[PDB]
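What follows is a set of notes on a single structure, which appears directly below.
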Protein chains: 2
Amino acid sequence: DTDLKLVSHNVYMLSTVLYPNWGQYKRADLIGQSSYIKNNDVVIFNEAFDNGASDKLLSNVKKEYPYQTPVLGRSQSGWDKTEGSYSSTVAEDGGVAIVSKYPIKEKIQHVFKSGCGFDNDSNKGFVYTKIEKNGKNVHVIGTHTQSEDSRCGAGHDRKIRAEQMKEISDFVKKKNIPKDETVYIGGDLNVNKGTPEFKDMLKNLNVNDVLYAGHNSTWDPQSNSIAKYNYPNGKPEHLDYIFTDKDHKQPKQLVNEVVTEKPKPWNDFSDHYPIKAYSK
Amino acid sequence: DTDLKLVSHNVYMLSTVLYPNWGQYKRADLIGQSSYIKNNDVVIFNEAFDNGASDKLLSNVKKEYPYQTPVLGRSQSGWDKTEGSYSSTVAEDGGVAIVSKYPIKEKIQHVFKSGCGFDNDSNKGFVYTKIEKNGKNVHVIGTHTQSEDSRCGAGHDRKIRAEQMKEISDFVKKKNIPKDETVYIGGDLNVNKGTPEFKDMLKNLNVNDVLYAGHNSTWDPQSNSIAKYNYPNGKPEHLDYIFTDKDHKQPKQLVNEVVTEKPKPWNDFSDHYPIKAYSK
Ligand SMILES: [Cl-]
C-alpha cells in the first residue's frame, strides 16, 4: 500500500567526452532491456553523468516509470527547488536521478556543501521526491556521496561523507514530513559494510540497518567484468543501499537484494554473415 | 553513378514469442552499431520475422537509411502493390525488408505461391523497390526463398525453390523495366555454391554469377557462434548472394564480399551492481 519496490543502481556512465570507450550508450540500452529494472515502483540512478547516455537511459525506462527528475546538479530547471551549494561553473553533475511509476508531487535537488578533491569539482548531492501512490504520500531521496579519492587528504573521504550525510538527515528533519509517511534514502553511499564508518552512516543518515539478500557485494571486481578490468586484485565492497529514516514510518520488513543480472553477450550478428556487394 | 553498395544479411530474428532467449533485441542493436552496416546505399534484410525486434532494427538504421519498406508479408498496408498468394491467416511474414539511403519511388511485395511445409505457413516471397539515385532509376529485389526443411518431401526443397525463383525472374520480365537500368536480386537464396542446384538458380533467376571476396561461406557453423550452437558438426554453406538480372544493365564488376565482422560485446551493465529494495 505505502511500501514501494525500489531499485538503486550506480550505472557508471562517465562523461563520454573524457571517457569515450565505455559504451555508456550501449549499456544504457542494455539496462533498459534487463529484467531487474522491470516491475518496481521507483528507481534511483547514480553516476549517470553523461548528458547523452543519461538521456538514452531515462528515455528507455520512460514507458514504465513515466515520472522522472532531472539529473541532480545538471541545471536548475525542471526542479521544484534547488538548495545547498549548487554551482554552474563546475565540471560534472551529481549523476543522480529518480524515475517513478507513480506521480512525483515534489522534486528538490540539493548539492552537498562539502566536497573533496576531484569529486568536488561537481554537484554531487541528493535528490528528494514526494510521490503519491494510492492516495498516500511516500518520499524517496536518491544520493551519491563523496567517493574514496586518492587526491583527498588522508581521512577526508570519511569526514566529508559524514558532513554530507548530516546534510541529508538534516534536510529531512527540517522538511517537516509527517511521522506516518515513509521516507526512503538510498544510492551509492560509498561506505563499505561492516566497517567503522558504516556504524556512523547509520547515525548520520538517521536510518536503521536493513535485511540483505542475494549477492554480498555491490562493487565486486571478481565476479564483475568492469570492476575487474579497473582493479584486478581489488577487494569487493558493499556500497549501495536503500534505508528509511528511522523517525518516520518503517516499511514492513525492509530488504536490500543485490542483483547480479548481466547482459547476454552476442558474439555474432546472426547465424549468417553479411554480404557486401560492389563494383571494383 | 548507377551502381550501388549493397548489403544483404539474413538476421535470424525468429518470433520472440516462440523463441524468446535469442536476444533478437540485443542483436538488432548490435547490428545498428556494427561497421559493415555503415556506408552502403541499400541494405536487404532476411529472417526479420519478429514484430518488435523488426522495428528495433529498422529503427536503428533509420538515420542513415531513412527510406524503408514494411516487412514482406506482414500486412497489406504501406505497400504500393501486393501480389502473389499473400495470406492473412498465416503464422509468420516473409521476414524480408529493404532499407535505403536514397528515396524509394515504388515498393511492391509478392508472396510466393508455392511453399513447402513449416516454411509455407508464412508469407515468404520477395520485396521489390524502384530507387532513385542521382536522377537515374535503379532496382533492388530482396528475397528469402524456401529453406531446406525436414518436413518437406524429399526433393521438394529444390523443386519449390525453382518455382519461387521463376516467380521472381518472371516478375522482372513482366515489370517492363528498361534494359539500361540495373536490377539487383539478393538475399538468403538457400542454395549452396558449387552444387547442381547452383547452376539452376543462375538460369531460374536469370542472373550471371559474380566475383567473390572475403570469407567463402555465409552460414559457417565453425567460425560463427550461432551457427555453431545450432549445428555443431555441420558443413559451411554459401547461401547469401547479390546478383543482377542478366537482361538488364550490369554493374562494372559485381562482387559479393562475405563480411566476417564480429561485435565486441559488453558483459556487465556497470562497474556497480543494482540494488533492489522492497518490503517482504
Ligand atoms: Cl554543471
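We label chains A, B, ... in the order they appear in the C-alpha cells, count residues from 1 in each chain, and number ligands from 1 in the order shown.
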Cα RMSD of chain A after least-squares fit onto chain B, all atoms paired in order =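 Across the paired C-alpha atoms, the RMSD reaches 1.3 Å.
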Any idea what's packed within 12 Å of residue A:234, counting only C-alpha atoms, ignoring anything in its chain fewer than 3 positions away? Could you give it as an MDAnalysis selection string?
-> chainID A and resid 219:224 227:231 237
Protein and nucleic acid residues within 10 Å of ligand 1 (only C-alpha atoms and all ligand atoms) as a PyMOL selection string | chain A and resi 72-76+86-94+121-123
Go ahead and save the picked residues with N, CA, C and O atoms, as a PDB file, in the first residue's frame.
```
ATOM      1  N   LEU A  72      20.551  15.265 -10.975  1.00  0.00           N
ATOM      2  CA  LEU A  72      20.992  16.157  -9.907  1.00  0.00           C
ATOM      3  C   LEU A  72      22.130  17.090 -10.294  1.00  0.00           C
ATOM      4  O   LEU A  72      23.107  16.654 -10.835  1.00  0.00           O
ATOM      5  N   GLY A  73      22.033  18.370 -10.008  1.00  0.00           N
ATOM      6  CA  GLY A  73      23.150  19.247 -10.318  1.00  0.00           C
ATOM      7  C   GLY A  73      23.552  19.449 -11.794  1.00  0.00           C
ATOM      8  O   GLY A  73      24.664  19.945 -12.057  1.00  0.00           O
ATOM      9  N   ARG A  74      22.686  19.107 -12.729  1.00  0.00           N
ATOM     10  CA  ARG A  74      22.971  19.450 -14.101  1.00  0.00           C
ATOM     11  C   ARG A  74      22.502  20.877 -14.386  1.00  0.00           C
ATOM     12  O   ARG A  74      23.281  21.695 -14.867  1.00  0.00           O
ATOM     13  N   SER A  75      21.242  21.186 -14.080  1.00  0.00           N
ATOM     14  CA  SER A  75      20.732  22.537 -14.275  1.00  0.00           C
ATOM     15  C   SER A  75      19.711  22.869 -13.191  1.00  0.00           C
ATOM     16  O   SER A  75      19.300  21.981 -12.465  1.00  0.00           O
ATOM     17  N   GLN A  76      19.309  24.128 -13.064  1.00  0.00           N
ATOM     18  CA  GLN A  76      18.344  24.490 -12.040  1.00  0.00           C
ATOM     19  C   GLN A  76      16.919  24.362 -12.568  1.00  0.00           C
ATOM     20  O   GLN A  76      15.974  24.607 -11.840  1.00  0.00           O
ATOM     21  N   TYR A  86      24.816  24.451  -4.947  1.00  0.00           N
ATOM     22  CA  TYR A  86      24.768  24.240  -6.380  1.00  0.00           C
ATOM     23  C   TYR A  86      25.710  25.216  -7.107  1.00  0.00           C
ATOM     24  O   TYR A  86      25.670  26.439  -6.861  1.00  0.00           O
ATOM     25  N   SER A  87      26.571  24.680  -7.978  1.00  0.00           N
ATOM     26  CA  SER A  87      27.414  25.517  -8.847  1.00  0.00           C
ATOM     27  C   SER A  87      27.194  25.318 -10.343  1.00  0.00           C
ATOM     28  O   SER A  87      27.021  24.190 -10.800  1.00  0.00           O
ATOM     29  N   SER A  88      27.223  26.397 -11.126  1.00  0.00           N
ATOM     30  CA  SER A  88      27.040  26.242 -12.568  1.00  0.00           C
ATOM     31  C   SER A  88      28.403  25.980 -13.181  1.00  0.00           C
ATOM     32  O   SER A  88      28.505  25.293 -14.181  1.00  0.00           O
ATOM     33  N   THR A  89      29.443  26.498 -12.512  1.00  0.00           N
ATOM     34  CA  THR A  89      30.814  26.558 -13.010  1.00  0.00           C
ATOM     35  C   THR A  89      31.620  25.315 -12.694  1.00  0.00           C
ATOM     36  O   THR A  89      32.817  25.325 -12.771  1.00  0.00           O
ATOM     37  N   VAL A  90      30.969  24.230 -12.344  1.00  0.00           N
ATOM     38  CA  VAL A  90      31.709  23.001 -12.082  1.00  0.00           C
ATOM     39  C   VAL A  90      31.618  22.024 -13.235  1.00  0.00           C
ATOM     40  O   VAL A  90      30.695  22.106 -14.092  1.00  0.00           O
ATOM     41  N   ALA A  91      32.563  21.077 -13.211  1.00  0.00           N
ATOM     42  CA  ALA A  91      32.795  20.127 -14.311  1.00  0.00           C
ATOM     43  C   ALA A  91      31.666  19.159 -14.577  1.00  0.00           C
ATOM     44  O   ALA A  91      31.115  19.152 -15.710  1.00  0.00           O
ATOM     45  N   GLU A  92      31.317  18.346 -13.569  1.00  0.00           N
ATOM     46  CA  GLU A  92      30.228  17.390 -13.733  1.00  0.00           C
ATOM     47  C   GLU A  92      29.032  17.598 -12.814  1.00  0.00           C
ATOM     48  O   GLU A  92      29.100  18.384 -11.899  1.00  0.00           O
ATOM     49  N   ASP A  93      27.938  16.895 -13.086  1.00  0.00           N
ATOM     50  CA  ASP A  93      26.754  16.955 -12.258  1.00  0.00           C
ATOM     51  C   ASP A  93      26.832  15.889 -11.110  1.00  0.00           C
ATOM     52  O   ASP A  93      27.874  15.300 -10.855  1.00  0.00           O
ATOM     53  N   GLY A  94      25.737  15.671 -10.392  1.00  0.00           N
ATOM     54  CA  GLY A  94      25.746  14.756  -9.269  1.00  0.00           C
ATOM     55  C   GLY A  94      25.558  13.340  -9.746  1.00  0.00           C
ATOM     56  O   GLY A  94      25.772  12.395  -8.989  1.00  0.00           O
ATOM     57  N   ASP A 121      34.821  19.035  -7.710  1.00  0.00           N
ATOM     58  CA  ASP A 121      34.598  19.714  -8.963  1.00  0.00           C
ATOM     59  C   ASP A 121      33.334  19.121  -9.600  1.00  0.00           C
ATOM     60  O   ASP A 121      33.336  18.784 -10.773  1.00  0.00           O
ATOM     61  N   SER A 122      32.263  18.998  -8.812  1.00  0.00           N
ATOM     62  CA  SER A 122      30.981  18.517  -9.305  1.00  0.00           C
ATOM     63  C   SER A 122      29.848  18.828  -8.337  1.00  0.00           C
ATOM     64  O   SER A 122      30.095  19.220  -7.186  1.00  0.00           O
ATOM     65  N   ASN A 123      28.610  18.633  -8.793  1.00  0.00           N
ATOM     66  CA  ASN A 123      27.460  18.948  -7.969  1.00  0.00           C
ATOM     67  C   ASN A 123      26.925  17.705  -7.309  1.00  0.00           C
ATOM     68  O   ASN A 123      25.729  17.474  -7.310  1.00  0.00           O
TER      69      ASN A 123
END
```
Straight-line distance linking atom CA of residue B:255 with atom CA of residue B:111, stated in Å to one decimal | 28.2 Å
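Distances from B:43, B:199, B:84, B:19 to chain A were compared using only C-alpha atoms, and the smallest one belongs to B:43.
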Identify every residue of chain B that has at least one atom within 6 Å of any atom of chain A, counting only C-alpha atoms, and report the result as JSON, numbers by chain.
-> {"B": [5, 6, 7, 8, 9, 10, 11, 12, 218, 219, 226, 227, 252, 253, 254, 255, 256, 257, 258, 259, 262, 263, 265, 267, 268, 269, 270, 271, 272, 273, 274, 275, 276, 277, 278, 279, 280]}
Restricting the calculation to only C-alpha atoms, which member of A:55, A:149, A:64, A:157 is positioned closest to residue A:38?
-> A:64
Backbone DSSP call of strand (DSSP E or B) for stretch 37-112 of chain A, listed as number ranges by chain = A: 42-48, 67-68, 81-84, 92, 97-100, 104-111
Just-selected residues, N, CA and C atoms written as a PDB file, in the first residue's frame:
```pdb
ATOM      1  N   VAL A  42       9.895   2.747  -8.025  1.00  0.00           N
ATOM      2  CA  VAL A  42      10.768   3.885  -8.155  1.00  0.00           C
ATOM      3  C   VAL A  42      12.163   3.344  -8.432  1.00  0.00           C
ATOM      4  N   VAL A  43      12.907   4.008  -9.305  1.00  0.00           N
ATOM      5  CA  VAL A  43      14.298   3.603  -9.499  1.00  0.00           C
ATOM      6  C   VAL A  43      15.160   4.805  -9.191  1.00  0.00           C
ATOM      7  N   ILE A  44      16.251   4.613  -8.436  1.00  0.00           N
ATOM      8  CA  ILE A  44      17.273   5.653  -8.250  1.00  0.00           C
ATOM      9  C   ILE A  44      18.538   5.369  -9.065  1.00  0.00           C
ATOM     10  N   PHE A  45      18.977   6.309  -9.896  1.00  0.00           N
ATOM     11  CA  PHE A  45      20.230   6.115 -10.607  1.00  0.00           C
ATOM     12  C   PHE A  45      21.406   6.903 -10.028  1.00  0.00           C
ATOM     13  N   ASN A  46      22.621   6.407 -10.234  1.00  0.00           N
ATOM     14  CA  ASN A  46      23.825   7.044  -9.699  1.00  0.00           C
ATOM     15  C   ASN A  46      24.866   7.089 -10.791  1.00  0.00           C
ATOM     16  N   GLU A  47      25.936   7.871 -10.606  1.00  0.00           N
ATOM     17  CA  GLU A  47      26.953   8.054 -11.664  1.00  0.00           C
ATOM     18  C   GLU A  47      26.333   8.099 -13.097  1.00  0.00           C
ATOM     19  N   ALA A  48      25.203   8.775 -13.231  1.00  0.00           N
ATOM     20  CA  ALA A  48      24.601   8.961 -14.524  1.00  0.00           C
ATOM     21  C   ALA A  48      25.067  10.304 -15.060  1.00  0.00           C
ATOM     22  N   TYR A  67       7.208   9.174 -14.527  1.00  0.00           N
ATOM     23  CA  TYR A  67       7.502  10.366 -13.724  1.00  0.00           C
ATOM     24  C   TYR A  67       8.964  10.477 -13.323  1.00  0.00           C
ATOM     25  N   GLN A  68       9.700  11.406 -13.918  1.00  0.00           N
ATOM     26  CA  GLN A  68      11.132  11.468 -13.691  1.00  0.00           C
ATOM     27  C   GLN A  68      11.612  12.821 -13.195  1.00  0.00           C
ATOM     28  N   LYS A  81      12.729  23.029  -6.465  1.00  0.00           N
ATOM     29  CA  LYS A  81      13.543  23.777  -5.522  1.00  0.00           C
ATOM     30  C   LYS A  81      15.010  23.337  -5.625  1.00  0.00           C
ATOM     31  N   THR A  82      15.974  24.248  -5.437  1.00  0.00           N
ATOM     32  CA  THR A  82      17.401  23.930  -5.588  1.00  0.00           C
ATOM     33  C   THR A  82      18.199  24.521  -4.438  1.00  0.00           C
ATOM     34  N   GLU A  83      18.595  23.669  -3.500  1.00  0.00           N
ATOM     35  CA  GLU A  83      19.309  24.164  -2.334  1.00  0.00           C
ATOM     36  C   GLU A  83      20.711  23.585  -2.142  1.00  0.00           C
ATOM     37  N   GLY A  84      21.480  24.172  -1.220  1.00  0.00           N
ATOM     38  CA  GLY A  84      22.844  23.756  -0.944  1.00  0.00           C
ATOM     39  C   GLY A  84      23.780  24.493  -1.857  1.00  0.00           C
ATOM     40  N   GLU A  92      31.317  18.346 -13.569  1.00  0.00           N
ATOM     41  CA  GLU A  92      30.228  17.390 -13.733  1.00  0.00           C
ATOM     42  C   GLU A  92      29.032  17.598 -12.814  1.00  0.00           C
ATOM     43  N   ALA A  97      19.573  10.556 -10.376  1.00  0.00           N
ATOM     44  CA  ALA A  97      18.240  10.877 -10.832  1.00  0.00           C
ATOM     45  C   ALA A  97      17.247   9.868 -10.304  1.00  0.00           C
ATOM     46  N   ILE A  98      15.984  10.268 -10.147  1.00  0.00           N
ATOM     47  CA  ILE A  98      14.935   9.341  -9.743  1.00  0.00           C
ATOM     48  C   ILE A  98      13.835   9.238 -10.788  1.00  0.00           C
ATOM     49  N   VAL A  99      13.489   8.030 -11.202  1.00  0.00           N
ATOM     50  CA  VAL A  99      12.320   7.847 -12.048  1.00  0.00           C
ATOM     51  C   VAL A  99      11.265   7.155 -11.208  1.00  0.00           C
ATOM     52  N   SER A 100      10.017   7.101 -11.674  1.00  0.00           N
ATOM     53  CA  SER A 100       8.910   6.574 -10.855  1.00  0.00           C
ATOM     54  C   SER A 100       7.634   6.177 -11.597  1.00  0.00           C
ATOM     55  N   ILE A 104       5.057  12.237  -9.247  1.00  0.00           N
ATOM     56  CA  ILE A 104       6.001  12.855  -8.333  1.00  0.00           C
ATOM     57  C   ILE A 104       5.389  14.183  -7.972  1.00  0.00           C
ATOM     58  N   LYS A 105       4.899  14.289  -6.742  1.00  0.00           N
ATOM     59  CA  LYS A 105       4.310  15.523  -6.219  1.00  0.00           C
ATOM     60  C   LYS A 105       5.280  16.700  -6.071  1.00  0.00           C
ATOM     61  N   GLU A 106       6.504  16.416  -5.639  1.00  0.00           N
ATOM     62  CA  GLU A 106       7.504  17.422  -5.459  1.00  0.00           C
ATOM     63  C   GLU A 106       8.923  16.917  -5.809  1.00  0.00           C
ATOM     64  N   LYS A 107       9.727  17.702  -6.507  1.00  0.00           N
ATOM     65  CA  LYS A 107      11.096  17.286  -6.690  1.00  0.00           C
ATOM     66  C   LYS A 107      12.046  18.418  -6.316  1.00  0.00           C
ATOM     67  N   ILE A 108      13.028  18.091  -5.486  1.00  0.00           N
ATOM     68  CA  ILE A 108      14.020  19.027  -4.967  1.00  0.00           C
ATOM     69  C   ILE A 108      15.470  18.500  -5.069  1.00  0.00           C
ATOM     70  N   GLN A 109      16.433  19.302  -5.517  1.00  0.00           N
ATOM     71  CA  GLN A 109      17.822  18.850  -5.544  1.00  0.00           C
ATOM     72  C   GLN A 109      18.589  19.552  -4.507  1.00  0.00           C
ATOM     73  N   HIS A 110      19.677  18.961  -4.081  1.00  0.00           N
ATOM     74  CA  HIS A 110      20.483  19.525  -3.007  1.00  0.00           C
ATOM     75  C   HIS A 110      21.970  19.236  -3.282  1.00  0.00           C
ATOM     76  N   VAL A 111      22.814  20.257  -3.469  1.00  0.00           N
ATOM     77  CA  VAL A 111      24.199  19.968  -3.781  1.00  0.00           C
ATOM     78  C   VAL A 111      24.927  20.035  -2.468  1.00  0.00           C
TER      79      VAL A 111
END
```
From A:25, A:2, A:197, A:244, residue lying nearest residue A:155 [only C-alpha atoms] |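 Nearest to residue A:155: A:197.
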Interatomic distance (Å, one decimal) between atom CA of residue A:201 and atom CA of residue A:154 = 18.7 Å
Point-to-point distance from atom CA of residue A:32 to atom CA of residue A:101, Å rounded to tenths |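 For atom CA of residue A:32 relative to atom CA of residue A:101, the distance reads 14.8 Å.
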